[PDB]
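One structure is given here, and the rest of the page talks about it.
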Amino acid sequence: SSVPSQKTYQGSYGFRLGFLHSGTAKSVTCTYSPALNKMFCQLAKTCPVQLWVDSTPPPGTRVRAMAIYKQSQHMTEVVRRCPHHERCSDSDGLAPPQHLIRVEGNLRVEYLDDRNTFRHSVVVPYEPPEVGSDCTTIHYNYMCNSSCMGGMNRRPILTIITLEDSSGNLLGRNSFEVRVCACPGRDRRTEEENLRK
Amino acid sequence: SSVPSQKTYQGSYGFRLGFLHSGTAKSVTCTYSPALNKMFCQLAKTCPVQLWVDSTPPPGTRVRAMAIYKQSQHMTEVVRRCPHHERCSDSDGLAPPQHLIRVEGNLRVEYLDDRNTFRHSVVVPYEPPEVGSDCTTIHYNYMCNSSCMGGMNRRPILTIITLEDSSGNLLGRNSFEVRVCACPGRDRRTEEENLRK
Amino acid sequence: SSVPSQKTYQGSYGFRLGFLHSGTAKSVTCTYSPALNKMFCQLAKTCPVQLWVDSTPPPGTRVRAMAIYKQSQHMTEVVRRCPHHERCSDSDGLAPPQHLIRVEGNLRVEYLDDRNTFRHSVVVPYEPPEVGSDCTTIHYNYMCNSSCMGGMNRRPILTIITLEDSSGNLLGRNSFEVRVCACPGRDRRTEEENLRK
Amino acid sequence: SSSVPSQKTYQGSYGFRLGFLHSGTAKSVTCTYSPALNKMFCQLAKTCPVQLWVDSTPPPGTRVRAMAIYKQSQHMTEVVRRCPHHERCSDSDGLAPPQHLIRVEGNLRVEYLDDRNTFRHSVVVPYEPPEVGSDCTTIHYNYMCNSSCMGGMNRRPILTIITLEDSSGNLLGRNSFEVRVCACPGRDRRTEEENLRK
DNA sequence: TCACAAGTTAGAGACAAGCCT
DNA sequence: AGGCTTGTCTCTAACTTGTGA
Ligand SMILES: [Zn+2]
Ligand SMILES: [Zn+2]
Ligand SMILES: [Zn+2]
Ligand SMILES: [Zn+2]
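Residue numbers (the authors' numbering), protein chains in the order written: chain C, 95 to 291; chain D, 95 to 291; chain A, 95 to 291; chain B, 94 to 291.
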């Protein structure tokens, strides 16, 4: 219920977000719009999100992803999966059915059903970039189209990536808008070229 | 799931179906296509169906309405409501959430499934035309759009109306196709003008 | 399945990959394209890969070969043999049926299943160049066409050659694209001459 | 290997004949029949209408079996089944076992069979008289693998044997036709015809 | 009554690509 | 090996179809 802050806060470690340049090819599964700060992606397909830091955080550091409705009218409402996809039986064996945001590839992922705020969140332990890399990449999945009747229902959302210590304190925070659709390449091009109005 | 017969059969009482002429307007809620034998109607809106008989059946006679998928590859599936709509709580106080076809106004209505075929059906006791009238009218509601994700899923259906004695024996039968869409007038006009081949 | 990095990393030893000049003469079994960094080869045929290093590594050092899908959409998916080639009598007695990449000769070869990751890989104990030669050559086999239905399914892959300490630490890695087809000479000549567009 | 059922056309005591729909070699058709080749070109999992013609209505309890056998002699004794790939992806009919190549749409009294001795796959429906004004009974068949499926039919042509049987399985009538399951029926039929003459 | 939003589908040739004249 | 075989791409588009000036 209570709205988590979305204010971009790099913190003491210079926590920034990175994405791949994929282009609006109309055959792409996931693309990012720097102008809109928005990720257009297909249902249940891979969403590569990069983590850039000026300095390596202490071990036991985890990262948290949470979805919140963008419009102020809907902010108090928890982001859940539509009743259909919830009973679709597509679980990876790790993620709860109702959760929208999943993490594939990571073995020690945890899924949170917040006792008080009722909000859904997913966490993985932070890992420094492999030797010679510049950043850590996390693959996210979104388990419902933005237009799904019974959940997001054509309401745009934001994904909040939060860097936490082992205790759960805030270290860094960044965010980006997400549209889950059938044609990311088409809808990104359309939406970008509509911003002129 | 064994497929109920759909062959029309007027029987010993000359059981016929009647409909209202509403015309493919722009703001119409329900419209019947004689050429297609198909009823285009909005979600949860009133669908008037008339019952015509040559001779008044014995008392205790019941009228059943059942929905089946028209296409052969889907016939063996039970027609229900989408996971979303069966949880929206729009219940009229009488109908169970998962039933697609409702009857409004009729207090002596019963909502049934079948012991073996598992199919949903709604019944009302047949009442003769009040003196002056030549038929009796039943108001049906369809509680899911034909395109409902998780429900009918863009699959067209047939509504089978059967005249039964108290025991459940067949007395008469008729049927028609149903599209539950947002714009009945538009979609009926489209399908009819597409039949020109 | 943790996504293994394709970060080309020569490390402290200057680990580089070399190949034989075989030419795109139709009727070659295995050829390498320097421009594409891509190896075109026939099914189950010998693929010579030689290892170039500035300084001889300590004994107990091993060389690991692993397959991975090039595209981001499929990167999360493990690389296996098609369901058909899995169950046909191919096994040399050493290699598991599921594994795509195997090593000819080299009796000290080991194939792992990676309980946690589930990713297939094959290892060889590193042996210094024989006297006169300036590199160590390894003969690899690819046990499925790139176009194998149910397997790679026309999706291009990369082979990740990693240099490892016995404990499994990273010393250096390189990678190259692999197309397993019927006509390597034809397909290489075609793909190279298409890059001019 | 597995023994070979006879393919010889035999109309029997009831004049059992096969009928097909005239569809033409369109460039977007899903199923077409070539009278010159006695061959049906069709897409995977798409409906294949097959008609059953009889002179005299046979006794009640008589059945209709459909079975696929390889046409070429060196492959006839091999059993025809779905490729290892298509076998493992749910295509479920709601009825049909995953491994069966030939399916039947609509008919709920369908049975998917496996011979005790020949180990061959076969699909059986109870014979039902023409609902007149039809002069024949039509059956919707599916083929759940392309003829070129690696690990399956593997580009080997096949024959579909339709047999009219009594309750016990005795032969009453038998006809057959060649089947190519491809992506482009209209193209492949037009090609092979324009190759047969002359 | 239109225009838009946002998921599903289609054309036949131009190719991909494995196999056999 | 050249020719052919045979399934896929290209993929806008046009078509669904519910929602909105
Ligand atoms: Zn959904
Ligand atoms: Zn619904
Ligand atoms: Zn294979
Ligand atoms: Zn197959």
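Note that CB positions come from ideal geometry on N, CA and C, so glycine has one too.
Asked: Cross-chain neighbours of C176 of chain C in chain D, by beta carbon under 7 angstroms; Found: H178
Asked: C182 of chain B versus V203 of chain B: straight-line alpha-carbon distance, rounded; Found: 22 angstroms
Asked: Beta carbon of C176 of chain A nearer than 8 angstroms to that of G226 of chain A; Found: no
Asked: Any non-hydrogen atom of ligand 4 within 7 angstroms of residue 293 of chain B CB; Found: Chain B is shown only over 94 to 291; residue 293 of chain B falls outside these bounds and no answer can be derived.
Asked: Secondary structure of residue 294 of chain D, DSSP reduced to three states; Found: Nothing about residue 294 of chain D can be reported from this structure: the residues present for chain D run from 95 to 291 only.
Asked: Range of the contiguous beta strand (DSSP E) that encloses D207 of chain B; Found: 204 to 207
Asked: Below-8 angstroms beta-carbon distance, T170 of chain D vs any chain B residue; Found: yes
Asked: Ligand 2 heavy atom lying under 7 angstroms from the CB of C238 of chain D; Found: yes
Asked: Straight-line Cα distance separating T118 of chain C from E287 of chain C; Found: 12 angstroms
Asked: Where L114 of chain B falls, given that 16 or more other Cβ within 10 Å makes a residue buried; Found: exposed
Asked: Against chain D: residues of the segment 185 to 196 of chain B by CB proximity under 7 angstroms; Found: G187
Asked: Option nearest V143 of chain D by Cα separation, candidates D:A276, D:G279, D:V218; Found: D:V218
Asked: Contact with chain C by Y236 of chain A, beta-carbon distance below 8 angstroms; Found: no
Asked: Euclidean distance between Cα positions of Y236 of chain D and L188 of chain B; Found: 30 angstroms
Asked: Proximal residues to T231 of chain A (C-beta, below 6 angstroms), its chain only, five neighbours per side dropped; Found: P142, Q144
Asked: Three-pair Cβ contact test at 8 angstroms for the segment 251 to 261 of chain A versus the segment 156 to 170 of chain A; Found: yes
Asked: Proximal chain D residues relative to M243 of chain C, where beta-carbon distance stays under 7 angstroms; Found: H178, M243
Asked: 8 angstroms Cβ shell around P222 of chain A - same chain, five flanking residues per side excluded; Found: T150, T230
Asked: Cβ-heavy atom distance, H178 of chain C to ligand 1, below 7 angstroms; Found: yes
Asked: Chain D residues whose Cβ lies nearer than 7 angstroms to that of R280 of chain C; Found: Simply none; closest approach about 20 angstroms.
Asked: Reduced DSSP category for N247 of chain C - H, G, I as helix; E, B as strand; rest coil; Found: coil
Asked: Residue environment, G279 of chain A, which counts as buried when at least 16 other CB atoms sit within 10 Å; Found: buried
Asked: Interface partners of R181 of chain A on chain B, CB under 9 angstroms; Found: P177, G244
Asked: Neighbour flag for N268 of chain A against chain C, beta carbons, 8 angstroms; Found: no
Asked: Start-to-end residues for the beta strand (DSSP E) that takes in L264 of chain C; Found: 264 to 274
Asked: Counted within 10 angstroms of its Cβ, other Cβ atoms place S121 of chain C as buried (16 or more) or exposed; Found: exposed
Asked: Those residues which DSSP pairs with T102 of chain D across a bridge; Found: Paired residue(s): none; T102 of chain D is not in a bridge.
Asked: Proximal residues to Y163 of chain B (C-beta, below 7 angstroms), its chain only, five neighbours per side dropped; Found: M169, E171, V173, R249, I251
Asked: Sub-8 angstroms separation of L137 of chain A and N239 of chain A beta-carbons; Found: yes
Asked: Same chain, Cβ closer than 7 angstroms to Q104 of chain B, five either side skipped, listed in chain order; Found: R110, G266
Asked: Spatial neighbours of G154 of chain A in its chain, beta-carbon cut-off 6 angstroms, leaving aside the 5 residues before and after; Found: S260
Asked: Contact test: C242 of chain A Cβ vs ligand 3 heavy atom, cutoff 7 angstroms; Found: yes
Asked: Proximal residues to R282 of chain D (C-beta, below 7 angstroms), its chain only, five neighbours per side dropped; Found: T118, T125, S127, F134
Asked: Cβ-based neighbour list, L194 of chain B, same chain, cut-off 7 angstroms, excluding 5 preceding and 5 following; Found: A161, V173, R174, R175, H214, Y236, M237, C238
Asked: Closest by C-alpha distance to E198 of chain A, when choosing among A:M246, A:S185, A:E258; Found: A:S185
Asked: For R110 of chain C, the residue or residues it bridges with in DSSP; Found: C:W146
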